[PDB]
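Okay, structure first, notes after.
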Amino acid sequence: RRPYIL
Amino acid sequence: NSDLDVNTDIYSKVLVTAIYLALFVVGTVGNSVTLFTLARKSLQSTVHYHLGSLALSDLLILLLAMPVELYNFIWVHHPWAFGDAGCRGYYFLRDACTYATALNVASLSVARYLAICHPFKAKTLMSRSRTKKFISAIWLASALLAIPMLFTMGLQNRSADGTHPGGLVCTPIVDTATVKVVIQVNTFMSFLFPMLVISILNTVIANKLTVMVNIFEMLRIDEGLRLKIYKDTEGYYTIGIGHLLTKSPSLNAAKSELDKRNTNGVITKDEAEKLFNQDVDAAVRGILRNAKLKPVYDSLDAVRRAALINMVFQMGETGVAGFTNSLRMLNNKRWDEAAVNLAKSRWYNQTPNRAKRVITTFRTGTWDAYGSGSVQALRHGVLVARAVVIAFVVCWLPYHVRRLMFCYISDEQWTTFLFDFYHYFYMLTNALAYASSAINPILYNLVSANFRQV
């Protein structure tokens, strides 16, 4: 489960 | 329900908020004030246009990127509040403006490189308006290179169900296979190539400036300027930048020796300078033809290299080669013990002030002696050129690293710790990226002010 914000 | 939340404390958010706001007042004020201060007036004009473009870019980063990201990216992480056009538009603008500030910083380092390192060759001849077309092309490249961000970024429903309204986020929507391509390209074009250019160029500048003998700006202090014949310290006949001529009494052969035109005791400014150039030239030439003084001159740097020329200028190659042991130590880098030697009855403490000034220069290898007037032009040139590289790389490096791991640290070390560290890291990285657009107004006024050399 990873960040969604670049 | 929607467990895509981030658990970064309120206190760090307050901290980062504060910092962003300080960065905001500084950046906005500085950029605005510079671009409207240089909305009024070759070739320094070109660097002015470059500065103008830079400040414009940074200003737009602050105005467009900051507020929205401060809200959605550091306070309320989900859902995305500005719709699809909001999403793609934001990211495109971000990209465009960053390409802009990068390409601009580079182009300015290139222009400055040219001006300082190839003055006649590049600067005066080749470099001239329209370099407006260059800035134009820079902005165009910023736009076109930012184009991909309009396809890659997008809106996606990531809630556990994938149906709940509160899970609508802005994120790369295309296959992760391409995401790598896009952001790697962006990494190279917006950081790597530019950073290499800044680095090597400014380094070369710095070394060239450190190696330049500040001899002329040094003598203009000590020796002054009088374009009507006078008497010096020991009462001989002098004119111009302390140029002794016809030292024999009295006022007549002094006026005859005024060559080259019938001076009638007075000379013009350009003549006092051209005279000064010959004198400084005959000094170095005296240095390099003298067997005692040459190898000492050779080993020295640029400051103590000027320091010698001062002495040779004041007393000729004959007198200065009369300081046998002082020379022996100066060649051996015994700055300490050689200073004490010169301070001895050297008989050239018949003018102690000028001597004290020369010895504390020889000794320290710095310009502390010559007041806070712009004889420090070269040294400041150096420091500013260091500041540029340090500032750019520090400010933008971690930013690009954080973006790479978004798509590479991908699979599958994505723990809670890493997910958290990522967002604290994010705080940091955008703080530095925004620190760029506030450090570079103030810094770049200092390099704008730093062109007294040309």
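We label chains A, B, ... in the order they appear in the structure tokens, count residues from 1 in each chain, and number ligands from 1 in the order shown.
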| query | chain B residues within 9 Å of chain A, counting only C-alpha atoms: which ones, as a list in words? | reply |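 So the contacting residues turn out to be residues 4, 6, 73, 77, 158, 169, 170, 171, 172, 402, 403, 406, 410, 412, 414, 415, 416, 418, 419, 420, 422, 423 and 426 of chain B.
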| request: Could you give me, as a ChimeraX atom specification, each residue of range 61-120 of chain B that DSSP assigns to helix (DSSP H, G or I) when run on this structure's backbone? | output: /B:61-72,83-117,119-120
| query | Which residue gives the smallest distance to residue 13 in chain B among B:181, B:427, B:33, B:355, with only C-alpha atoms counted? | reply |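 Of the candidates, the smallest distance to residue 13 in chain B is held by B:427.
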| request: Please identify which residues in range 187-431 of chain B DSSP calls strand (DSSP E or B) from the backbone, and express them as a PyMOL selection string. | output: chain B and resi 226-231+237-240+243-244+266
| Could you state the separation of CA of residue 56 in chain B and CA of residue 29 in chain B in Å, given to one decimal place? | 11.8 Å
